[PDB]
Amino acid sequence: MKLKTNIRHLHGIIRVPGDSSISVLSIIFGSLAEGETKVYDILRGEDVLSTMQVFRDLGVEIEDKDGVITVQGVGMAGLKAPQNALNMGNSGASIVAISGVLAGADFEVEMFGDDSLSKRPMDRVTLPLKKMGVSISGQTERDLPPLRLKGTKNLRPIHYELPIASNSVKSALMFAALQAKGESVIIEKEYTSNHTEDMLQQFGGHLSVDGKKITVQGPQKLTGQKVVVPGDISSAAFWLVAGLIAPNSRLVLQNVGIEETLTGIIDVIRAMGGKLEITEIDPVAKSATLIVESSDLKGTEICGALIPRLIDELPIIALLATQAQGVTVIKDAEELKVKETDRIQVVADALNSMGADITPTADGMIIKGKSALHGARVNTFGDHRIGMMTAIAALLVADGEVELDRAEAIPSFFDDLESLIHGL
């Protein structure tokens, strides 16, 4: 597919979608809890929709009306035997998680998905789940979907250390541990997200964390909550950059979460000369409206130390630095892992193919700035961030075309970008 090019203005309101994993966690916890759960600002993901539908299939009443999800919890042992095979679409996140949720379900269950999903190994979750006494098994020893599962009323606690870092596996094992009789210890390899830990506690459950050591006593009961899903971090960062680098631009970005990643991106922006106003702060919700305008940017130091999720935002932040006059050094304080070093390379390659001046380094990248961008062909390679980066990069292209073939990347993104192209 080609990409919209050479726009002369950008105006409108974008409302940051909710975080996906908190969205998903809220449906899960909402079903397993007692009492009614309400979720506000949920992400309209296909992953959220599939997860809600999985739970409806296990007998949970879930209402989607006027922007609000209302879940009537069925208790920690209240999942019922489905009358159909469970559809998880292309979310591998979902299969892993629900597998742990269904550790204690005393009935047979099938979980399938699409052609992409059916190529992703599940043995990373089936191995520890089996130790607990769950029957779960996929295609080949790798356990490719479809998965066949039977949990048990005699779930044994888990003592396991992950060989690979994985928030998905950590979550499934926690959900299972919540249903097991006794003390589970789960030890992660690397520090991954705390979403499940946080939400489990918000839903009234107890754990103990000691570094990478997670201890969970089962069985537990949870209580229905009102959940306000915070704005996605990556999406908020994405639009901020767009509204700063696009010509004749003003974006009102609602529902931005006030947490450290945006906080540190905000400071970097200001340091660079960005025009950004913070408004409508909601101190209880920890959200704000951000207003950005077209800015004359100047290079700066970007210490990944000062921005947690930085690696996620590398594509959109490199585009940013590409547009600032002078040198931007992005140096990460901690060593890069293979996939991080790879992400830098792919970003540098694509933007340099469009006229940027990016030098990958052992610790990040050097960017030499205000690059008049030009046409190019670049494939996403699955990474939507890299794609949407290229989309905004495309708007800045004076002449030439921008081919971006594997732009399976899906959601309402283009309608929005069109919306902003004709506002004033």
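Counting begins at 1, following the sequence as shown.
- Deposited sequence between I410 and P411: 4 to 9 residues lack coordinates.
- Higher average CA B factor: 324 to 332, of the stretches 324 to 332 and 120 to 128.
- Higher mean CA B-factor, judged across 227 to 235 and 192 to 200 from the recorded values: 192 to 200.
- As recorded in the PDB entry, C303 shows the highest C-alpha B-factor of the residues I317, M76, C303, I281.
- For the set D41, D64, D47, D399, the maximum C-alpha B-factor listed in the entry falls on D399.
- In the PDB entry, a CA B factor belonging to the lowest third of its chain's modelled residues is recorded for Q254.
- Annotation for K153: CA B-factor lies in the middle third of the chain's modelled residues.
- Annotation for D296: CA B-factor lies in the highest third of the chain's modelled residues.
- Per-chain ranking of the deposited C-alpha B factor places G369 in the highest third.
- The PDB entry assigns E277 a C-alpha temperature factor belonging to the middle third of its chain's modelled residues.
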